[PDB]
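Step one of this worksheet: look at the structure below.
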Amino acid sequence: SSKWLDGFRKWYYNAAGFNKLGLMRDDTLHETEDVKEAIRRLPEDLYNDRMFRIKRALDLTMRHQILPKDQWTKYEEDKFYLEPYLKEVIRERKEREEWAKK
Amino acid sequence: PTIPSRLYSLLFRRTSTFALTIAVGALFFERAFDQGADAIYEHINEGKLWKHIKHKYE
Amino acid sequence: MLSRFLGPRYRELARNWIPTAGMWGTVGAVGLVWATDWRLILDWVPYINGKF
Amino acid sequence: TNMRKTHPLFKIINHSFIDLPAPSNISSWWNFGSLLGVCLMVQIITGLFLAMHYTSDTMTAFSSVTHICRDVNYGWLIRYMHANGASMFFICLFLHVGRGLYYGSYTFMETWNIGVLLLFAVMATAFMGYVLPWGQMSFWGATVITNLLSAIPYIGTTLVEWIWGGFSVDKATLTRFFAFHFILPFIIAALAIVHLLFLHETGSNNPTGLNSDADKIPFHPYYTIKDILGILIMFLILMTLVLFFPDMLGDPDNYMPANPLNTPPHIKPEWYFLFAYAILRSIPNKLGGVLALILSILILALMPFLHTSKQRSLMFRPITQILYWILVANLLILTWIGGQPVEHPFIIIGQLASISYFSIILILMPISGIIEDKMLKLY
Amino acid sequence: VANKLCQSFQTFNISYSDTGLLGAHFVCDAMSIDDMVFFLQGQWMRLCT
Amino acid sequence: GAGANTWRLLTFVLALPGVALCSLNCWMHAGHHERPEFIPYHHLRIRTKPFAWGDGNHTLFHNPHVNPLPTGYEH
Amino acid sequence: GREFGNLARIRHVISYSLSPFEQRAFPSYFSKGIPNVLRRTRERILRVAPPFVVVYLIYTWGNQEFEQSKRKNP
Amino acid sequence: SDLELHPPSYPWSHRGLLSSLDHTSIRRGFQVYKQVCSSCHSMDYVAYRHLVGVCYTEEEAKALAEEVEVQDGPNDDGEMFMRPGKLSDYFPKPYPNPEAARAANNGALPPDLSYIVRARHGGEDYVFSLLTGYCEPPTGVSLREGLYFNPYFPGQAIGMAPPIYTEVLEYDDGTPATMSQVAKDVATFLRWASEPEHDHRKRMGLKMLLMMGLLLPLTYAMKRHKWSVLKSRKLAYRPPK
Ligand SMILES: CCCCCCCCCCCCCCCCCC(=O)OC[C@H](COP(=O)(O)OCCN)OC(=O)CCCCCCCCCCCCCCCCC
Ligand code: HEC
Ligand code: HEM
Ligand code: HEM
């Protein structure tokens, strides 16, 4: 966990390949009701940054190109911008479901 | 007055003239392409087809 | 009941659209004689008279 | 004013093909879908010109097909493009389903289910069409696969007597197979209309799997000329497959007349069924083999409920990419094994191939999805 | 006016030393835009034909 | 017309398709008949000096199937 | 519904385009196409190829074992 | 014997993709079939008019069909009657029914040869290897009398006596009728009989190849034009900060 799991996480981040399209991790998440609500709750700056990064990725995958290596999203600089919003939406959905159980 | 300007102007600029160009080119291409492919096919099969040996049996 | 188009403007439109409709008719006639391999006109043309 | 948006017939064509928003980054694989539709039309058109001379009678079916090839003007051309167009139809169909599996297109569940209904219909249509020329392989393949369809106790024997219209395969079976083979492509065409209708409520998928609403382009003129180019490439492949190797994919044993007392040393279906055939004989029980064939073709229907990743496409999932390509490799091995006789070492290879096929689709891909989810620090 | 497309449109001819810009400019809402482009181009083609 | 583009068009339309057409046409014409009967006229196949390369009786681009020798053909 | 005009919401994005009539349809075809083909196949070859390699191995071994099994035992 | 010898690949004149059949060989093979193979084998799906324009002229095939009796009928009095043949008649059956063919050929049924190179793995290679592969049986195996050993027949027990040797017939064009020459000619004729459309198919394929090689870069160029409006596109972002 100390030595190579972080190293294997870095190698897997390089190998998965959304960093060379300029995407962050949370841009790659497939939408559900939860993800759409979490995106709807985002502020305007992060929403506009996300949508520009997504359409830049679609432009790059149109031409079958990738970003230059200095413009690849770094593993440490990758911010998890969405997942507190997603965790709050998941928590309130679980609260609604457990109320509907009883 | 140059040749590509006048070739665009009196042949490609109008759509009806474009279609007339396509139809006449289609007819002449049919004739020339049929001749060329028939000549290639009879050269590859020299002496093998029936028309090469048709004269022997009148 | 086609009396709405009796004026100088529709005559002007008509004499504007004589050459385009005539050229489209020429395209249709040439395409018809090309596709049908009609023997009336294709015997009057020099190069296409090779298979006859 | 304009007829493209206000005329009720041109409004449908404009909404489906002209001003339809499509993703700007879809690869050539999406062209396969339109190719399938083109193949359908080609098959239907060529099928109609086989029907103007075909005689559905056991005395005069083989003779009528030979008369089509030898005496009808360009009849050999129409017959062999019908056969190789069935083969090209199945090639395009297989790549269409592979595109659906790889890029997560099964989350459109209604479109996926109308798809697997279409797949069932075209498999039955190709089966009865292959019975139609009434050669040795047509008669014996029909007898073998319908007799193993009869394996259900207390129900299957009455169903096989009802399907045959008699004690075995005879003239009634040939005529009703002709009627069914003619009429099934029109249900296929209507189901393709419903397929497209269920697609167009949500739009196409893209290779990245992301929301392409940030960047979409009209279908005209981009994907119009892209599908035209795909049609031209497909017609290159099909006309090479007709004009140069007209019976490379075919089977020579279909060129003898159907002798009911001449059992061939090998009995096979066509190649596009063969993998299911190798899943059929991988189990030494007839109920088990037929039901395993049903699960091997309905696991596509079970597929949308076996999705575990928080992502959609396999573009950012390398382990599940490896498992997918192992699955495609296993499918190729199953096709080769179903081509092969039931001897050593083909029986154990076929058993391990079917076991690995069901294990990869059912078990290993959700495990790989949850492993990659844990690996990406989100679970 | 009849289709309620525009908020405004305006044609222009702009001239500099042996060059210029000749065309149109319109402001409208989103849902109208495509239709007006078609209509505008049709008008030009009518003047061409 | 003060332009290279007409010469570009004239190369890509008249010149290169013309040379391709005559290349294919010469491939249609690439059939040679059998060799003539060896009749030894004294006004050709002459040797006023032995040749300066190799055998002294073979020419520079000699081919043994169409080009004769003053002794005759060779097999 | 799903027409152009209300697909999404994009702000602050500028796009630049040319005419197709004044740019080349094959701009540096080989000199920029060959390195991207090598880059794409370098990215995907280790995911795609070894299953088909072991397909060829199983195919050859099965053919050899079948021809051995048809061969008798001296 | 369960293991079976495979026929090799012979360098046929029509082996290539654009190489047609040799029609002189088709003519000689038809002469071989008429003189030898028509005694036991049928070609019900091939008529005398099919030979016109391929290997025989109109009057030649007319005479060759007129030298054949065809059972026409029914007559106005209500009976069958023999007549001289014509160009619309097919090749005559050697036997009226398969069971008489079985009775005259020691139980074995001689197959109809209209599709026999399309119905065997190997085709004309298989037919040549079957006709030229007759040999004495090896030791250990002792086959039944009236059967013959052929390593290319599946099961190695053929009911057909070897019909081919040197000077089994004559050739009108002056060709040495050896064993291999007659077998090659009849294999060429059998390939023509299975596929009468073979040369026309190869010509249409050559036209297809040339037309597709013309059409594919042009349609690709149209795609690259109408998509090069999009593939050179640049996107920018203007965040207000
Ligand atoms: C830690 C790995 C390091 C690899 C380093 C390679 C060199 C790196 C430096 C040069 C760059 C080369 C190109 C880089 C390509 C992309 C990155 C890469 O190398 O990825 C490795 C690739 C995918 O990585 P990952 O998914 O993590 O691997 C898990 C292994 N299963 O994984 C692989 O390539 C491994 C794939 C193994 C597949 C084995 C399949 C065996 C089973 C097949 C059965 C088929 C059916 C048989 C019949 C069944 C019935 C009998
Ligand atoms: C009467 C003696 C025959 C002559 C003359 C020819 N054939 Fe024949 N043929 C005959 C029989 C009884 C059989 C069946 C053999 C058996 O054991 O069942 C055959 C078979 C063939 C076959 C099919 C072989 C196969 O593997 O299916 C072929 C291709 C064949 N014969 C060719 C052939 C040719 C070309 C002939 C003319 C030279 C010919 N045969 C003459 C009976 C007789
Ligand atoms: C009868 C043969 C079939 C025809 C004619 C057909 C037709 C089409 C067409 C025209 C499209 C839209 C174009 C495209 O996106 O490729 C499409 C898409 C699709 N089809 Fe089919 N299809 C067939 C078989 C199937 C099958 C068997 C499945 C299920 C496995 C299927 C599932 C889909 C899916 C999921 C899409 C959506 C594409 C995406 O957004 O990724 N189709 N089909
Ligand atoms: C309504 C449309 C169709 C009609 C009228 C039709 C009609 C026919 C007819 C009459 C035959 C027998 C003639 C022959 O075998 O050459 C035939 C054969 C066949 N058809 Fe169809 N067909 C149609 C659609 C299809 C489709 C969509 C498929 C593909 C799934 C298909 C696959 C086949 C196959 C595989 C054969 C056997 C070819 C062979 O002889 O080897 N047909 N069809």
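The way I read the labels, and the way they are meant: chains A, B, ... in the order of the structure tokens, residue 1 as the first residue of every chain, and ligand 1 as the first ligand shown, with later ones counted on from there.
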
Based on only C-alpha atoms, which of the residues in chain A come within 9 Å of chain D? I want them as a PyMOL selection string. chain A and resi 8-9+12-13+15-18+25+27-31+51-52+54-64+83

Which residues are near residue 31 in chain E? Cut-off 7 Å, only C-alpha atoms, ignore same chain within fewer than 2 positions. Put them as a PyMOL selection string. (chain E and resi 29+33) or (chain G and resi 5)

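The interatomic distance for the pair CA of residue 245 in chain D and CA of residue 16 in chain H works out to 11.4 Å.
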
Taking only chain E into account, list the residues labelled strand (DSSP E) by DSSP (computed from the backbone), as a list in words. residues 6, 7, 8, 9, 10, 11, 12, 13, 14, 15, 16, 19, 20, 21, 22, 23, 24, 25, 26, 27 and 28 of chain E

Hey, which residues sit close to ligand 4? Say within 8 Å, counting only C-alpha atoms and all ligand atoms, and write them as number ranges by chain.
D: 39-40, 43-51, 53-54, 65, 68, 78-80, 82-87, 89-90, 122-133, 178, 181-186, 250, 254

Residues within 9 Å of ligand 1, counting only C-alpha atoms and all ligand atoms: report them as a compact mmCIF listing (two decimals) with N, CA, C and O atoms, in the first residue's frame.
# COMPACT_ATOMS: atom_id res chain seq x y z
N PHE A 8 1.45 1.80 -8.64
CA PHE A 8 0.53 1.14 -9.56
C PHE A 8 -0.66 2.02 -9.88
O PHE A 8 -1.21 1.92 -10.98
N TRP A 11 0.74 4.31 -12.55
CA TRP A 11 0.88 3.58 -13.81
C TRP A 11 -0.48 3.28 -14.43
O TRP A 11 -0.63 3.35 -15.65
N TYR A 12 -1.48 2.97 -13.61
CA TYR A 12 -2.82 2.73 -14.13
C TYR A 12 -3.46 4.02 -14.62
O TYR A 12 -4.26 3.99 -15.56
N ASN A 14 -1.78 6.47 -16.00
CA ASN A 14 -1.17 6.64 -17.32
C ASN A 14 -1.76 5.66 -18.33
O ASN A 14 -1.96 6.01 -19.50
N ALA A 15 -2.05 4.43 -17.90
CA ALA A 15 -2.48 3.39 -18.83
C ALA A 15 -3.93 3.52 -19.26
O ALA A 15 -4.26 3.12 -20.38
N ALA A 16 -4.80 4.05 -18.39
CA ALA A 16 -6.22 4.17 -18.73
C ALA A 16 -6.43 5.17 -19.86
O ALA A 16 -7.19 4.90 -20.79
N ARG D 317 -10.80 1.66 -19.73
CA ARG D 317 -10.79 0.45 -18.91
C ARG D 317 -9.92 -0.59 -19.60
O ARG D 317 -10.40 -1.33 -20.47
N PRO D 318 -8.63 -0.67 -19.25
CA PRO D 318 -7.75 -1.60 -19.98
C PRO D 318 -7.94 -3.06 -19.63
O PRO D 318 -7.79 -3.92 -20.51
N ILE D 319 -8.26 -3.39 -18.37
CA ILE D 319 -8.45 -4.78 -17.99
C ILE D 319 -9.70 -5.36 -18.64
O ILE D 319 -9.71 -6.50 -19.12
N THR D 320 -10.77 -4.57 -18.68
CA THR D 320 -12.00 -5.04 -19.30
C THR D 320 -11.84 -5.06 -20.82
O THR D 320 -12.47 -5.88 -21.50
N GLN D 321 -10.95 -4.21 -21.36
CA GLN D 321 -10.56 -4.32 -22.76
C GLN D 321 -9.89 -5.65 -23.05
O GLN D 321 -10.18 -6.30 -24.07
N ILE D 322 -8.98 -6.07 -22.16
CA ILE D 322 -8.31 -7.36 -22.31
C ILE D 322 -9.31 -8.50 -22.24
O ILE D 322 -9.27 -9.43 -23.06
N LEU D 323 -10.26 -8.42 -21.30
CA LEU D 323 -11.28 -9.46 -21.18
C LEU D 323 -12.21 -9.50 -22.39
O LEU D 323 -12.62 -10.58 -22.83
N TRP D 325 -11.30 -8.64 -25.51
CA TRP D 325 -10.60 -9.23 -26.65
C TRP D 325 -10.36 -10.72 -26.45
O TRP D 325 -10.32 -11.47 -27.43
N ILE D 326 -10.25 -11.17 -25.19
CA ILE D 326 -10.23 -12.61 -24.92
C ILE D 326 -11.57 -13.23 -25.28
O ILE D 326 -11.63 -14.35 -25.82
N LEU D 327 -12.67 -12.51 -25.03
CA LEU D 327 -14.00 -12.99 -25.42
C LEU D 327 -14.14 -13.11 -26.93
O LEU D 327 -14.71 -14.10 -27.43
N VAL D 328 -13.64 -12.13 -27.68
CA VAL D 328 -13.70 -12.17 -29.14
C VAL D 328 -12.83 -13.30 -29.68
O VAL D 328 -13.22 -14.02 -30.62
N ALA D 329 -11.66 -13.50 -29.07
CA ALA D 329 -10.78 -14.61 -29.43
C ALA D 329 -11.45 -15.96 -29.18
O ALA D 329 -11.35 -16.88 -29.99
N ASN D 330 -12.16 -16.07 -28.05
CA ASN D 330 -12.88 -17.28 -27.70
C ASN D 330 -14.02 -17.54 -28.68
O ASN D 330 -14.29 -18.69 -29.03
N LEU D 331 -14.68 -16.48 -29.14
CA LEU D 331 -15.73 -16.62 -30.15
C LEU D 331 -15.17 -17.13 -31.47
O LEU D 331 -15.80 -17.97 -32.14
N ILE D 333 -12.46 -18.98 -31.75
CA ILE D 333 -12.12 -20.38 -31.49
C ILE D 333 -13.37 -21.26 -31.54
O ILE D 333 -13.34 -22.38 -32.06
N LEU D 334 -14.49 -20.74 -31.03
CA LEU D 334 -15.75 -21.48 -31.07
C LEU D 334 -16.24 -21.68 -32.50
O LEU D 334 -16.78 -22.75 -32.82
N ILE D 348 -12.72 -31.23 -25.93
CA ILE D 348 -12.29 -30.57 -24.71
C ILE D 348 -12.03 -29.08 -24.96
O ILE D 348 -12.33 -28.23 -24.11
N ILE D 349 -11.53 -28.75 -26.15
CA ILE D 349 -11.33 -27.35 -26.54
C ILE D 349 -12.67 -26.64 -26.64
O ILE D 349 -12.82 -25.51 -26.15
N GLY D 350 -13.68 -27.29 -27.22
CA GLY D 350 -15.00 -26.70 -27.28
C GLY D 350 -15.66 -26.54 -25.92
O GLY D 350 -16.33 -25.54 -25.66
N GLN D 351 -15.45 -27.52 -25.03
CA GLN D 351 -16.00 -27.43 -23.68
C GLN D 351 -15.38 -26.28 -22.89
O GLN D 351 -16.08 -25.48 -22.27
N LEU D 352 -14.04 -26.17 -22.94
CA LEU D 352 -13.36 -25.07 -22.27
C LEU D 352 -13.69 -23.73 -22.90
O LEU D 352 -13.77 -22.72 -22.20
N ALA D 353 -13.91 -23.71 -24.22
CA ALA D 353 -14.26 -22.48 -24.91
C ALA D 353 -15.64 -21.97 -24.49
O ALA D 353 -15.80 -20.78 -24.21
N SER D 354 -16.63 -22.87 -24.41
CA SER D 354 -17.96 -22.45 -23.99
C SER D 354 -17.98 -22.06 -22.51
O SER D 354 -18.65 -21.09 -22.13
N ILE D 355 -17.24 -22.80 -21.67
CA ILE D 355 -17.15 -22.49 -20.25
C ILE D 355 -16.51 -21.12 -20.05
O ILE D 355 -17.01 -20.29 -19.28
N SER D 356 -15.42 -20.84 -20.77
CA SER D 356 -14.76 -19.55 -20.67
C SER D 356 -15.62 -18.43 -21.25
O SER D 356 -15.56 -17.31 -20.75
N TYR D 357 -16.43 -18.73 -22.27
CA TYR D 357 -17.32 -17.72 -22.86
C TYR D 357 -18.36 -17.27 -21.84
O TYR D 357 -18.52 -16.06 -21.59
N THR G 41 -1.46 2.24 -32.95
CA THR G 41 -1.20 0.81 -32.81
C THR G 41 -0.27 0.52 -31.63
O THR G 41 -0.39 -0.55 -31.02
N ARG G 42 0.59 1.47 -31.25
CA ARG G 42 1.39 1.28 -30.05
C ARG G 42 0.53 1.39 -28.80
O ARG G 42 0.81 0.73 -27.79
N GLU G 43 -0.53 2.19 -28.85
CA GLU G 43 -1.42 2.28 -27.70
C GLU G 43 -2.33 1.06 -27.57
O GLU G 43 -2.72 0.71 -26.45
N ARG G 44 -2.68 0.40 -28.68
CA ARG G 44 -3.67 -0.67 -28.60
C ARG G 44 -3.15 -2.08 -28.84
O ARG G 44 -3.93 -3.04 -28.66
N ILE G 45 -1.89 -2.26 -29.24
CA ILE G 45 -1.45 -3.58 -29.69
C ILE G 45 -1.32 -4.55 -28.52
O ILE G 45 -1.63 -5.74 -28.68
N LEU G 46 -0.95 -4.08 -27.33
CA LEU G 46 -0.81 -4.97 -26.20
C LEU G 46 -2.14 -5.35 -25.57
O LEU G 46 -2.19 -6.31 -24.80
N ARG G 47 -3.20 -4.63 -25.89
CA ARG G 47 -4.53 -5.05 -25.49
C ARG G 47 -5.15 -6.00 -26.52
O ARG G 47 -5.85 -6.94 -26.14
N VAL G 48 -4.88 -5.79 -27.80
CA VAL G 48 -5.58 -6.55 -28.83
C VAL G 48 -4.85 -7.85 -29.18
O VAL G 48 -5.47 -8.92 -29.18
N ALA G 49 -3.54 -7.79 -29.48
CA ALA G 49 -2.87 -8.88 -30.19
C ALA G 49 -2.73 -10.22 -29.45
O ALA G 49 -2.96 -11.26 -30.09
N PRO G 50 -2.31 -10.31 -28.17
CA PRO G 50 -1.97 -11.64 -27.58
C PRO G 50 -3.13 -12.64 -27.48
O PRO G 50 -2.86 -13.85 -27.54
N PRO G 51 -4.41 -12.22 -27.31
CA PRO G 51 -5.48 -13.21 -27.52
C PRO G 51 -5.51 -13.83 -28.90
O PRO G 51 -5.73 -15.04 -29.02
N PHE G 52 -5.25 -13.08 -29.96
CA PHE G 52 -5.22 -13.70 -31.27
C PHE G 52 -3.94 -14.49 -31.51
O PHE G 52 -3.95 -15.45 -32.29
N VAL G 53 -2.86 -14.13 -30.82
CA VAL G 53 -1.64 -14.94 -30.84
C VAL G 53 -1.91 -16.32 -30.24
O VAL G 53 -1.54 -17.35 -30.83
N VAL G 54 -2.59 -16.37 -29.10
CA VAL G 54 -2.87 -17.67 -28.51
C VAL G 54 -3.99 -18.39 -29.27
O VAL G 54 -4.04 -19.62 -29.24
N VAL G 55 -4.84 -17.67 -30.00
CA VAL G 55 -5.75 -18.31 -30.96
C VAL G 55 -4.96 -19.06 -32.03
O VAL G 55 -5.28 -20.22 -32.36
N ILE G 58 -3.40 -22.22 -30.38
CA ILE G 58 -4.38 -23.29 -30.18
C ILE G 58 -4.80 -23.89 -31.52
O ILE G 58 -4.99 -25.11 -31.62

message: Taking only C-alpha atoms and all ligand atoms and a cut-off of 8 Å, can you tell me which residues surround ligand 3, written as a PyMOL selection string?
response: chain D and resi 29-38+40+93-94+96-101+103-109+111-119+121-122+188-189+191-192+195-196+199+203-206+300

Distance cut-off 10 Å, counting only C-alpha atoms - which residues of chain G neighbour chain E? Return them as a CSV table (one decimal) with C-alpha atoms, in the first residue's frame.
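Here's the written file result03.csv:
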chain,number,residue,atom,x,y,z
G,3,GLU,CA,-33.2,19.2,-32.0
G,4,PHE,CA,-30.4,21.8,-32.4
G,5,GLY,CA,-31.0,24.9,-30.2
G,6,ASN,CA,-31.6,23.3,-26.8

Which residues of chain H come within 9 Å of ligand 2, and what is each one's closest atom pair and distance in Å (one decimal), counting only C-alpha atoms and all ligand atoms, sorted by chain and residue number, as a Markdown table?
| residue | atom | partner | partner_atom_place_in_ligand_line | distance |
| --- | --- | --- | --- | --- |
| H:29 | CA | ligand 2 | 38 (C) | 9.0 |
| H:32 | CA | ligand 2 | 38 (C) | 6.6 |
| H:33 | CA | ligand 2 | 37 (C) | 5.5 |
| H:34 | CA | ligand 2 | 37 (C) | 8.5 |
| H:35 | CA | ligand 2 | 37 (C) | 8.5 |
| H:36 | CA | ligand 2 | 37 (C) | 5.4 |
| H:37 | CA | ligand 2 | 37 (C) | 3.3 |
| H:38 | CA | ligand 2 | 5 (C) | 6.8 |
| H:39 | CA | ligand 2 | 5 (C) | 5.5 |
| H:40 | CA | ligand 2 | 1 (C) | 4.5 |
| H:41 | CA | ligand 2 | 7 (N) | 5.9 |
| H:101 | CA | ligand 2 | 12 (C) | 8.0 |
| H:102 | CA | ligand 2 | 12 (C) | 7.7 |
| H:104 | CA | ligand 2 | 12 (C) | 8.4 |
| H:105 | CA | ligand 2 | 12 (C) | 5.1 |
| H:106 | CA | ligand 2 | 12 (C) | 7.4 |
| H:107 | CA | ligand 2 | 12 (C) | 8.0 |
| H:108 | CA | ligand 2 | 18 (O) | 4.9 |
| H:109 | CA | ligand 2 | 12 (C) | 5.3 |
| H:110 | CA | ligand 2 | 11 (C) | 3.8 |
| H:111 | CA | ligand 2 | 20 (C) | 5.9 |
| H:112 | CA | ligand 2 | 22 (C) | 8.4 |
| H:113 | CA | ligand 2 | 29 (C) | 6.9 |
| H:116 | CA | ligand 2 | 29 (C) | 5.9 |
| H:117 | CA | ligand 2 | 29 (C) | 7.4 |
| H:119 | CA | ligand 2 | 27 (O) | 8.3 |
| H:120 | CA | ligand 2 | 27 (O) | 7.1 |
| H:123 | CA | ligand 2 | 29 (C) | 8.9 |
| H:124 | CA | ligand 2 | 29 (C) | 8.9 |
| H:126 | CA | ligand 2 | 29 (C) | 7.9 |
| H:127 | CA | ligand 2 | 29 (C) | 5.4 |
| H:128 | CA | ligand 2 | 35 (C) | 8.4 |
| H:130 | CA | ligand 2 | 29 (C) | 7.4 |
| H:131 | CA | ligand 2 | 35 (C) | 7.1 |
| H:147 | CA | ligand 2 | 17 (O) | 7.5 |
| H:148 | CA | ligand 2 | 17 (O) | 8.3 |
| H:152 | CA | ligand 2 | 26 (O) | 7.8 |
| H:153 | CA | ligand 2 | 26 (O) | 5.1 |
| H:154 | CA | ligand 2 | 26 (O) | 6.5 |
| H:156 | CA | ligand 2 | 17 (O) | 8.8 |
| H:157 | CA | ligand 2 | 17 (O) | 6.2 |
| H:158 | CA | ligand 2 | 17 (O) | 3.4 |
| H:159 | CA | ligand 2 | 17 (O) | 3.4 |
| H:160 | CA | ligand 2 | 11 (C) | 4.2 |
| H:161 | CA | ligand 2 | 2 (C) | 5.5 |
| H:162 | CA | ligand 2 | 2 (C) | 7.6 |
| H:163 | CA | ligand 2 | 5 (C) | 5.6 |
| H:164 | CA | ligand 2 | 38 (C) | 6.2 |
| H:182 | CA | ligand 2 | 38 (C) | 7.9 |
| H:183 | CA | ligand 2 | 38 (C) | 7.1 |
| H:186 | CA | ligand 2 | 35 (C) | 6.0 |
| H:187 | CA | ligand 2 | 35 (C) | 6.9 |
| H:190 | CA | ligand 2 | 35 (C) | 7.6 |

Review point. In Å, with one decimal, what is the gap from CA of residue 133 in chain H to CA of residue 150 in chain H?
Key: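 Atom-to-atom, CA of residue 133 in chain H to CA of residue 150 in chain H, that is 6.3 Å.
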
Chain A contacts on chain H, only C-alpha atoms, 10 Å, as a PyMOL selection string: chain H and resi 230-241

Let's have the selection written as a tab-separated table (two decimals), in the first residue's frame, with N, CA and C atoms.
chain	number	residue	atom	x	y	z
H	230	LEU	N	-14.29	20.45	-40.77
H	230	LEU	CA	-14.31	20.21	-39.33
H	230	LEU	C	-12.98	19.77	-38.74
H	231	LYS	N	-12.10	19.15	-39.51
H	231	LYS	CA	-10.90	18.58	-38.92
H	231	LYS	C	-9.79	19.60	-38.73
H	232	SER	N	-9.90	20.77	-39.33
H	232	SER	CA	-8.98	21.86	-39.08
H	232	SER	C	-9.50	22.84	-38.05
H	233	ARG	N	-10.66	22.55	-37.46
H	233	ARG	CA	-11.30	23.46	-36.52
H	233	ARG	C	-10.49	23.61	-35.25
H	234	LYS	N	-10.44	24.83	-34.73
H	234	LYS	CA	-9.76	25.13	-33.48
H	234	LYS	C	-10.76	25.68	-32.48
H	235	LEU	N	-10.61	25.28	-31.22
H	235	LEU	CA	-11.50	25.72	-30.16
H	235	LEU	C	-10.71	26.52	-29.14
H	236	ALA	N	-11.34	27.56	-28.61
H	236	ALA	CA	-10.75	28.41	-27.59
H	236	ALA	C	-11.72	28.56	-26.44
H	237	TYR	N	-11.19	28.98	-25.30
H	237	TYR	CA	-11.96	29.12	-24.07
H	237	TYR	C	-11.66	30.47	-23.45
H	238	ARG	N	-12.69	31.15	-22.97
H	238	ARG	CA	-12.59	32.52	-22.47
H	238	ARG	C	-13.19	32.62	-21.07
H	239	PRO	N	-12.53	32.05	-20.06
H	239	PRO	CA	-13.09	32.10	-18.71
H	239	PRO	C	-12.93	33.48	-18.11
H	240	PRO	N	-13.97	34.00	-17.45
H	240	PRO	CA	-13.97	35.42	-17.08
H	240	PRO	C	-13.13	35.76	-15.86
H	241	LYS	N	-12.77	34.76	-15.05
H	241	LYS	CA	-11.98	34.91	-13.81
H	241	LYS	C	-12.58	35.92	-12.82

Restrict the calculation to only C-alpha atoms, then for each residue of chain C with any atom at most 7 Å from an atom of chain B give the closest atom pair and their distance in Å to one decimal, rows by chain and rising residue number, as a Markdown table.
| residue | atom | partner | partner_atom | distance |
| --- | --- | --- | --- | --- |
| C:20 | CA | B:16 | CA | 6.9 |
| C:23 | CA | B:16 | CA | 6.2 |
| C:24 | CA | B:16 | CA | 5.7 |
| C:27 | CA | B:20 | CA | 5.2 |
| C:30 | CA | B:23 | CA | 6.9 |
| C:31 | CA | B:23 | CA | 6.0 |
| C:34 | CA | B:27 | CA | 6.3 |
| C:48 | CA | B:31 | CA | 6.3 |

Distance in Å - CA of residue 73 in chain F versus CA of residue 28 in chain F: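 If I compute the distance from CA of residue 73 in chain F to CA of residue 28 in chain F, I get 28.5 Å.
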
At most 12 Å is the cut-off: for each residue in chain B with any atom that close to an atom of chain H, write down the nearest atom pair and the distance in Å rounded to one decimal, counting only C-alpha atoms, chain first then increasing number, as a tab-separated table.
residue	atom	partner	partner_atom	distance
B:29	CA	H:211	CA	11.0
B:30	CA	H:211	CA	11.1
B:33	CA	H:207	CA	8.4
B:34	CA	H:207	CA	8.3
B:35	CA	H:207	CA	10.8
B:36	CA	H:207	CA	9.4
B:37	CA	H:207	CA	6.2
B:38	CA	H:203	CA	7.8
B:39	CA	H:203	CA	10.6
B:40	CA	H:206	CA	8.9
B:41	CA	H:203	CA	6.4
B:42	CA	H:203	CA	9.3
B:43	CA	H:19	CA	10.3
B:44	CA	H:19	CA	6.8
B:45	CA	H:19	CA	6.2
B:46	CA	H:19	CA	9.8
B:47	CA	H:22	CA	8.2
B:48	CA	H:22	CA	4.7
B:49	CA	H:23	CA	6.2
B:50	CA	H:54	CA	5.8
B:51	CA	H:53	CA	8.6
B:52	CA	H:23	CA	9.6
B:53	CA	H:24	CA	7.7
B:54	CA	H:57	CA	8.0
B:55	CA	H:57	CA	10.2
B:56	CA	H:173	CA	10.1
B:57	CA	H:57	CA	7.2
B:58	CA	H:57	CA	7.7

(message) Using only C-alpha atoms, which protein or nucleic acid residues come within 9 Å of range 159-170 of chain D? Drop anything in the same chain fewer than 4 positions from it, and give the result as a list in words.
(response) residues 58, 139, 142, 143, 146, 147, 149, 150, 155, 174, 175 and 176 of chain D

Considering only C-alpha atoms, extract the chain E residues located within 12 Å of chain C and return them as a ChimeraX atom specification.
/E:46-49

Write out as a ChimeraX atom specification each polymer residue whose atoms come within 6 Å of residue 47 in chain H, counting only C-alpha atoms; drop sequence neighbours fewer than 3 positions from it.
/H:50,89-91
